[PDB]
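Only one chain is given next, in structure tokens, and it is the form solved without the ligand.
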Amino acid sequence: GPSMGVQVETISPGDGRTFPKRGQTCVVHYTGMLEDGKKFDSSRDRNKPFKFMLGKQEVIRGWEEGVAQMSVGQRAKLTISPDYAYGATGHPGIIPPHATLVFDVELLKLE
């Protein structure tokens, strides 16, 4: 009984009173790295932040439940599992089956 497959760790404290609401877009920079630390997709590498809407399901479950735990100006690392990321199949070549992923997002601003 571990409960919840998403672990977020605060690295840089932001506002602490400004969390992203459901329905609005969230501008944040992420970094996807395998369990070993091998990158597979970063938003900052292309010099462009990632904007998404909460509750719209435009992103992964571990992101909607994890990003909502941080406040504007906060930098935390979210641990996503193959159950919260894609499933038991995943994406062939980049995301293998039964594999844990690591993503580092930073709360820049809200739209």
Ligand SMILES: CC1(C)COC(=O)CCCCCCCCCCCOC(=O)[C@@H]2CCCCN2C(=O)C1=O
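Residue positions are given as counts along the sequence shown, with the first one as 1.
The same protein has a further form, the form solved in complex with the ligand, not shown here; the description that follows concerns it.
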Check your understanding: Which residue among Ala68, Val27, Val59, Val72 has a heavy atom within 4.5 angstroms of the ligand in the bound PDB entry?
Key -> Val59
Check your understanding: Would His91 sit within 4.5 Å of the ligand in the bound PDB entry, counting heavy atoms only?
Key -> yes
Check your understanding: So in the bound PDB entry, does any heavy atom of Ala99 sit within 4.5 Å of the ligand?
Key -> no
Review point. Taking the ligand in the bound PDB entry, which residues along 83-111 bring a heavy atom to within 4.5 Å of it?
Key: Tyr86, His91, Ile94, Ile95, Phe103
